[PDB]
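I have placed the structure first, in the form of structure tokens, so that the comments after it can refer back to it.
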Amino acid sequence: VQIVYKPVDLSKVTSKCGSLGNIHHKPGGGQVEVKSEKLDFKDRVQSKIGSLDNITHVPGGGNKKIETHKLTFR
Amino acid sequence: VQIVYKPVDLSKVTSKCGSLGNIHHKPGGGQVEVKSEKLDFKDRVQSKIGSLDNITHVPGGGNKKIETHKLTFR
Amino acid sequence: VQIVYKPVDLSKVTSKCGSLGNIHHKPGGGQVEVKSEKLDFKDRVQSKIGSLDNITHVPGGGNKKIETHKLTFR
Amino acid sequence: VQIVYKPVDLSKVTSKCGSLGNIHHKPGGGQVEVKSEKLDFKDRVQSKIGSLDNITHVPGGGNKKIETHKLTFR
Amino acid sequence: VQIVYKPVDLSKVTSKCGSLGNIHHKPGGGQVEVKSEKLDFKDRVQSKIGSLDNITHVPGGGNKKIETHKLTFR
Amino acid sequence: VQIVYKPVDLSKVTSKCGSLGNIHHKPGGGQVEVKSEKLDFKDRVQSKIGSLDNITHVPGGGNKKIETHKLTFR
Amino acid sequence: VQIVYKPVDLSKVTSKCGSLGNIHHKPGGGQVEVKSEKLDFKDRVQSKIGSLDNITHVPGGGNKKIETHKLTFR
Amino acid sequence: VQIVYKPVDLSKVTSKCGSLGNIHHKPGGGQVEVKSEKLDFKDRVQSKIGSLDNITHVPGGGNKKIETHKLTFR
Amino acid sequence: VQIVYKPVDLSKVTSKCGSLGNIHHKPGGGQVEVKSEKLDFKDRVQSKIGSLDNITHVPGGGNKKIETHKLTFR
Ligand SMILES: [Cl-]
Ligand SMILES: [Cl-]
Ligand SMILES: [Cl-]
Ligand SMILES: [Cl-]
Ligand SMILES: [Cl-]
Ligand SMILES: [Cl-]
Ligand SMILES: [Cl-]
Ligand SMILES: [Cl-]
Ligand SMILES: [Cl-]
Ligand SMILES: [Cl-]
Ligand SMILES: [Cl-]
Ligand SMILES: [Cl-]
Ligand SMILES: [Cl-]
Ligand SMILES: [Cl-]
Ligand SMILES: [Cl-]
Ligand SMILES: [Cl-]
Ligand SMILES: [Cl-]
Ligand SMILES: [Cl-]
Ligand SMILES: [K+]
Ligand SMILES: [K+]
Ligand SMILES: [K+]
Ligand SMILES: [K+]
Ligand SMILES: [K+]
Ligand SMILES: [K+]
Ligand SMILES: [K+]
Ligand SMILES: [K+]
Ligand SMILES: [K+]
Ligand SMILES: [K+]
Ligand SMILES: [K+]
Ligand SMILES: [K+]
Ligand SMILES: [K+]
Ligand SMILES: [K+]
Ligand SMILES: [K+]
Ligand SMILES: [K+]
Ligand SMILES: [K+]
Ligand SMILES: [K+]
């Protein structure tokens, strides 16, 4: 047999942005009171009380190309 | 047999933006009171009490191409 | 046999935007009181009490192309 | 004689309020013209002409208990 | 004689408030003209002309107990 | 004689407030014209013309207990 | 001959104003589409297409006196 | 001959203003599309397409006197 | 002959202003598209496309007196 795997990719993933910015975070915490007695946990606990967790992600591009190729015999 | 896998991709994924910005987050926490007694958890707990969790994602592009190619024999 | 897989993709996915922005988030928490006694949980718990969870996603483009190609023999 | 003054006070005077606020005072003065000639005052004068006197009293509670106890011999 | 003054006070005067605020005063003065000629005052004068006198009293509680106790012989 | 003055006070005067604030004063003066001729005052004068007198009192509690006790013989 | 040009001008042109203001211009453009083909103009053209042309003239006085005096011999 | 040109001007052009201001211009453009083909102009063109031309003239007085005097022989 | 040109000017052009100000310009551009082909101009062109031309003139007085005097023989 003759098997030819010859895909052609000339594709563009592209951005232009002029000005990127002017982002202001001023979150304000509240008043939090937690009273706990006789609590049983048998498994994992993720707990957050009054926290101000922030992610700022501001890439000038942030473009992505995911591409996958296989030729496969089982 | 003769088997030919020859797909052609000339595709564009493209953006232009002039000005990207002027984003203001000013969330204010409230008043939170939690009283807990004799609670049993047999399995995983995710808990958040009065927290101000933020994600800001501002890519100048943020374009994506996902593409997948297979030739396969079982 | 002769089998030929020759699709051609000339496709455009495109945006133009002049100004993107002027976004203001000012949520205010209320008054929350929770009293809990003698609760049993046999399975996973997700709880949020008075939290101000925010996601701000503002891509200048945010366009996507998903494509899949297979030639397959079983 | 035996005289016993033994009153018992277990009284509650109580408030709960969630949010107290959003008060806007925007009074605008008019046009006032006063012309006075040959006036005699023999006694105290309180005069106000075109004034914008304000009291804003906004207690979160503002509850009161007044109590009086006497045992008295003349 | 035996005279016993033994009053018992276990009284509560109490408040809870969540959020207290958002008070705006924007009073605007008018046009005031006063012309006075040959006025005689024999006694005290309080005068206010076009003034914007303000009191803002915003106690988070502002609760009060006034109590008076006497045992008296004349 | 036997005279016993033994009053018992276990009384509470109490407040809780979460957030206290966000108070804005922007009073604006008007136009005031005062013309005075041949005025006689024989006694005290309090005068205010076009003034913007302000008191801001914002105690987090502002609770008060006034209590008075006497045992008296004349 | 004796010729005398002796006019006397004692004239007042006067204004009093207390507060002049509180002017808000918020015009919004609509949608305008103009398609033009094979037009000949032999003479001057003044054209405006979707413009938001504004004059704000707010003199505190803005009073005027125009006067003319001539004595003339031909 | 005797010719006397002796006009007397004692005239007042006068203003009083207390407060002059509080002027807000917030005009917004719309959507303008102009398509032009084969247009001939033999003479001057003034054109404005989607412009937000503004004049703000706010003189505290802005009063004027124009006066003209001639004695003339031809 | 005797010719006398003796005009008398004791005239006032006058202003008083207390407060002059609080002027805000926030004009916003819209969306302008212009497409032109085969246009002929034989004379001057003044063109403005999508511009935000501003004049702010705020003189504290801005009063003017124009006065002209002639004695003339031809
Ligand atoms: Cl909170
Ligand atoms: Cl916990
Ligand atoms: Cl908090
Ligand atoms: Cl809350
Ligand atoms: Cl919990
Ligand atoms: Cl829970
Ligand atoms: Cl009076
Ligand atoms: Cl008034
Ligand atoms: Cl006033
Ligand atoms: Cl008076
Ligand atoms: Cl004033
Ligand atoms: Cl006075
Ligand atoms: Cl035209
Ligand atoms: Cl328009
Ligand atoms: Cl426009
Ligand atoms: Cl044109
Ligand atoms: Cl042009
Ligand atoms: Cl524009
Ligand atoms: K909080
Ligand atoms: K907990
Ligand atoms: K905990
Ligand atoms: K909250
Ligand atoms: K809980
Ligand atoms: K809440
Ligand atoms: K007033
Ligand atoms: K008076
Ligand atoms: K005033
Ligand atoms: K007075
Ligand atoms: K005075
Ligand atoms: K004033
Ligand atoms: K427009
Ligand atoms: K045109
Ligand atoms: K425009
Ligand atoms: K044009
Ligand atoms: K042009
Ligand atoms: K523009």
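Numbering starts fresh at 1 for the residues of each chain in the structure tokens, the chains themselves are lettered A, B, ... in the order given, and ligands are numbered from 1 as they appear.
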
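Within 10 Å of chain E, and using only C-alpha atoms, the residues found on chain B are residues 30, 31 and 32 of chain B.
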
For this session: Check every protein, DNA and RNA residue against ligand 18, keep those with an atom at most 12 Å away (counting only C-alpha atoms and all ligand atoms), and present them as an NGL selection string.
Result: (:C and (18-19)) or (:G and (29 or 50-52)) or (:H and (27-33 or 48-53)) or (:I and (27-34 or 48-53))

How would the residues just picked look written out with N, CA, C and O atoms as a CSV table (one decimal), in the first residue's frame?
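Once written, out-v1.csv looks like this:
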```
chain,number,residue,atom,x,y,z
C,18,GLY,N,-13.6,49.6,17.5
C,18,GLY,CA,-12.9,50.9,17.7
C,18,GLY,C,-12.5,51.1,19.2
C,18,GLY,O,-11.3,50.9,19.5
C,19,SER,N,-13.4,51.3,20.1
C,19,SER,CA,-13.2,51.4,21.5
C,19,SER,C,-14.0,50.4,22.3
C,19,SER,O,-15.2,50.2,22.1
G,29,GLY,N,-26.5,62.0,18.0
G,29,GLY,CA,-26.6,61.8,16.6
G,29,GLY,C,-27.4,60.5,16.3
G,29,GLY,O,-27.4,59.6,17.1
G,50,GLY,N,-24.6,64.9,9.5
G,50,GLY,CA,-24.5,64.4,10.9
G,50,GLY,C,-23.6,65.1,11.9
G,50,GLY,O,-23.1,64.6,12.8
G,51,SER,N,-23.3,66.4,11.6
G,51,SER,CA,-22.5,67.2,12.6
G,51,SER,C,-23.3,67.6,13.8
G,51,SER,O,-24.5,67.9,13.7
G,52,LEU,N,-22.7,67.8,15.0
G,52,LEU,CA,-23.3,68.3,16.3
G,52,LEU,C,-22.7,69.6,16.7
G,52,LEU,O,-22.3,69.8,17.8
H,27,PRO,N,-22.3,66.1,24.1
H,27,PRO,CA,-22.9,65.6,22.8
H,27,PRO,C,-22.2,64.3,22.4
H,27,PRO,O,-21.0,64.1,22.5
H,28,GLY,N,-23.0,63.4,21.8
H,28,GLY,CA,-22.5,62.1,21.3
H,28,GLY,C,-22.8,62.0,19.8
H,28,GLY,O,-23.9,62.2,19.3
H,29,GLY,N,-21.7,61.7,19.0
H,29,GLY,CA,-21.9,61.3,17.7
H,29,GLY,C,-22.7,60.1,17.5
H,29,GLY,O,-22.9,59.3,18.4
H,30,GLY,N,-23.3,59.9,16.3
H,30,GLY,CA,-24.1,58.8,15.9
H,30,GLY,C,-23.3,57.9,14.9
H,30,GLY,O,-22.1,57.7,15.1
H,31,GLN,N,-24.0,57.5,13.8
H,31,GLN,CA,-23.4,56.7,12.7
H,31,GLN,C,-23.6,57.4,11.4
H,31,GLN,O,-24.7,57.5,10.9
H,32,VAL,N,-22.5,57.9,10.8
H,32,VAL,CA,-22.5,58.6,9.5
H,32,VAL,C,-21.8,57.7,8.5
H,32,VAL,O,-20.6,57.4,8.6
H,33,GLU,N,-22.4,57.4,7.4
H,33,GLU,CA,-21.8,56.9,6.2
H,33,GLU,C,-22.1,57.8,5.0
H,33,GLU,O,-23.2,58.1,4.6
H,48,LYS,N,-18.7,69.5,6.4
H,48,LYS,CA,-18.4,68.8,7.7
H,48,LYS,C,-19.2,67.6,7.9
H,48,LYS,O,-20.4,67.6,7.7
H,49,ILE,N,-18.6,66.5,8.2
H,49,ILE,CA,-19.2,65.1,8.2
H,49,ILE,C,-18.9,64.6,9.6
H,49,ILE,O,-17.8,64.3,9.9
H,50,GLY,N,-19.9,64.4,10.4
H,50,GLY,CA,-19.8,63.9,11.8
H,50,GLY,C,-18.9,64.7,12.8
H,50,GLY,O,-18.5,64.1,13.8
H,51,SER,N,-18.6,66.0,12.5
H,51,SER,CA,-17.8,66.8,13.5
H,51,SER,C,-18.7,67.3,14.7
H,51,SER,O,-19.9,67.5,14.5
H,52,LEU,N,-18.0,67.4,15.8
H,52,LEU,CA,-18.7,67.9,17.1
H,52,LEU,C,-18.0,69.3,17.5
H,52,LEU,O,-17.6,69.5,18.6
H,53,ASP,N,-18.1,70.2,16.6
H,53,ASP,CA,-17.6,71.6,16.7
H,53,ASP,C,-18.3,72.4,17.8
H,53,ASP,O,-19.6,72.4,17.9
I,27,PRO,N,-17.6,65.9,25.0
I,27,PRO,CA,-18.2,65.4,23.7
I,27,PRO,C,-17.5,64.1,23.3
I,27,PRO,O,-16.4,63.8,23.6
I,28,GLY,N,-18.3,63.2,22.8
I,28,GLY,CA,-17.9,61.9,22.3
I,28,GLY,C,-18.1,61.8,20.8
I,28,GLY,O,-19.2,62.0,20.3
I,29,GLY,N,-17.0,61.4,20.1
I,29,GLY,CA,-17.1,60.9,18.7
I,29,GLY,C,-18.0,59.7,18.5
I,29,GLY,O,-18.1,58.8,19.4
I,30,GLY,N,-18.7,59.7,17.4
I,30,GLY,CA,-19.5,58.5,16.9
I,30,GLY,C,-18.7,57.7,15.9
I,30,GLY,O,-17.5,57.5,16.1
I,31,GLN,N,-19.3,57.1,14.9
I,31,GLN,CA,-18.7,56.4,13.8
I,31,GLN,C,-18.9,57.0,12.5
I,31,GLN,O,-20.0,57.1,12.0
I,32,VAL,N,-17.8,57.5,11.8
I,32,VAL,CA,-17.9,58.1,10.5
I,32,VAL,C,-17.1,57.3,9.5
I,32,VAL,O,-16.0,56.9,9.7
I,33,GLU,N,-17.8,57.0,8.4
I,33,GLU,CA,-17.2,56.4,7.2
I,33,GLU,C,-17.4,57.2,6.0
I,33,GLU,O,-18.6,57.6,5.6
I,34,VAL,N,-16.4,57.6,5.3
I,34,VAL,CA,-16.4,58.4,4.0
I,34,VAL,C,-15.7,57.7,2.9
I,34,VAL,O,-14.5,57.4,3.1
I,48,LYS,N,-13.9,68.9,7.2
I,48,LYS,CA,-13.6,68.3,8.5
I,48,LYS,C,-14.5,67.0,8.7
I,48,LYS,O,-15.7,67.1,8.6
I,49,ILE,N,-13.9,65.9,9.0
I,49,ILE,CA,-14.5,64.6,9.1
I,49,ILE,C,-14.2,64.1,10.5
I,49,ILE,O,-13.0,63.8,10.8
I,50,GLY,N,-15.2,63.9,11.3
I,50,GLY,CA,-15.1,63.3,12.6
I,50,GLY,C,-14.3,64.1,13.6
I,50,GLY,O,-13.8,63.5,14.6
I,51,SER,N,-14.0,65.4,13.4
I,51,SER,CA,-13.2,66.2,14.4
I,51,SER,C,-14.0,66.8,15.5
I,51,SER,O,-15.2,67.0,15.4
I,52,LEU,N,-13.4,67.1,16.6
I,52,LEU,CA,-14.0,67.6,17.9
I,52,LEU,C,-13.4,69.0,18.3
I,52,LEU,O,-12.9,69.2,19.4
I,53,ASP,N,-13.4,69.9,17.3
I,53,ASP,CA,-13.0,71.3,17.4
I,53,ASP,C,-13.6,72.1,18.6
I,53,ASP,O,-14.9,72.1,18.6
```

Problem set entry | Spatial neighbours of residue 6 in chain G, max dist 7 Å, only C-alpha atoms, sep filter under 4 positions, as number ranges by chain | H: 5-7

Can you write just those residues out, N, CA and C atoms, as a PDB file, in the first residue's frame?
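Just written: again.pdb:
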```pdb
ATOM      1  N   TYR H   5     -19.581 121.369  18.308  1.00  0.00           N
ATOM      2  CA  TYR H   5     -19.921 119.966  18.513  1.00  0.00           C
ATOM      3  C   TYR H   5     -19.467 119.554  19.907  1.00  0.00           C
ATOM      4  N   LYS H   6     -20.395 119.553  20.861  1.00  0.00           N
ATOM      5  CA  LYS H   6     -20.136 119.435  22.302  1.00  0.00           C
ATOM      6  C   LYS H   6     -21.092 118.426  22.983  1.00  0.00           C
ATOM      7  N   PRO H   7     -21.302 117.210  22.437  1.00  0.00           N
ATOM      8  CA  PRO H   7     -22.140 116.200  23.081  1.00  0.00           C
ATOM      9  C   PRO H   7     -21.514 115.710  24.393  1.00  0.00           C
TER      10      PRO H   7
END
```

Exercise. What's the 12 Å shell around residue 45 in chain D, counting only C-alpha atoms, without same-chain residues fewer than 5 positions away, as a PyMOL selection string?
Worked result: (chain D and resi 39-40) or (chain E and resi 40-48) or (chain F and resi 41+43-47)

Output the selection as an mmCIF file, in the first residue's frame - C-alpha atoms for each residue.
```
data_model
loop_
_atom_site.group_PDB
_atom_site.id
_atom_site.type_symbol
_atom_site.label_atom_id
_atom_site.label_comp_id
_atom_site.auth_asym_id
_atom_site.auth_seq_id
_atom_site.Cartn_x
_atom_site.Cartn_y
_atom_site.Cartn_z
ATOM 1 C CA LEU D 39 -39.421 99.418 63.634
ATOM 2 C CA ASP D 40 -39.292 99.369 67.465
ATOM 3 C CA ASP E 40 -34.491 100.061 67.585
ATOM 4 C CA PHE E 41 -33.952 96.846 69.618
ATOM 5 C CA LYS E 42 -34.294 97.114 73.460
ATOM 6 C CA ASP E 43 -33.541 93.366 73.997
ATOM 7 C CA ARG E 44 -31.594 90.346 72.573
ATOM 8 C CA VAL E 45 -31.457 89.774 68.798
ATOM 9 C CA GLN E 46 -30.802 86.466 67.060
ATOM 10 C CA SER E 47 -30.540 87.091 63.301
ATOM 11 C CA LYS E 48 -29.557 84.836 60.403
ATOM 12 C CA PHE F 41 -29.151 97.590 69.872
ATOM 13 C CA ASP F 43 -28.717 94.136 74.355
ATOM 14 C CA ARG F 44 -26.772 91.099 72.962
ATOM 15 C CA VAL F 45 -26.740 90.485 69.189
ATOM 16 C CA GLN F 46 -26.028 87.132 67.546
ATOM 17 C CA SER F 47 -25.809 87.678 63.771
#
```

For this session: Might you pull out every residue within 7 Å of residue 21 in chain H, with only C-alpha atoms counted and same-chain residues fewer than 6 positions away left off, and present them as a count of residues only?
Result: 7

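If you count only C-alpha atoms and ignore residues fewer than 3 places along the chain from residue 61 in chain C, what sits within 8 Å of it is residues 15 of chain A; 14, 15, 16, 17, 60, 61, 62 and 63 of chain B; 15 and 16 of chain C.
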
Could the residues in this selection be written to a file with C-alpha atoms, as a CSV table (one decimal), in the first residue's frame?
```
chain,number,residue,atom,x,y,z
A,15,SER,CA,-4.2,40.6,16.7
B,14,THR,CA,-7.9,37.9,13.2
B,15,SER,CA,-8.7,41.0,15.3
B,16,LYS,CA,-8.2,44.7,15.4
B,17,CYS,CA,-9.1,46.8,18.5
B,60,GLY,CA,-5.6,42.4,23.4
B,61,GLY,CA,-6.4,39.5,21.1
B,62,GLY,CA,-7.6,36.4,22.9
B,63,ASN,CA,-8.3,34.7,19.5
C,15,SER,CA,-13.4,41.3,14.2
C,16,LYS,CA,-12.8,45.1,14.1
```

Exercise. Taking the backbone alone, and naming residues the way the document does, which bits of chain A are strand (DSSP E or B) by DSSP, as a ChimeraX atom specification?
Worked result: /A:2-5,8-9,12-25,28,31-37,40-41,45-49,54-57,64-73
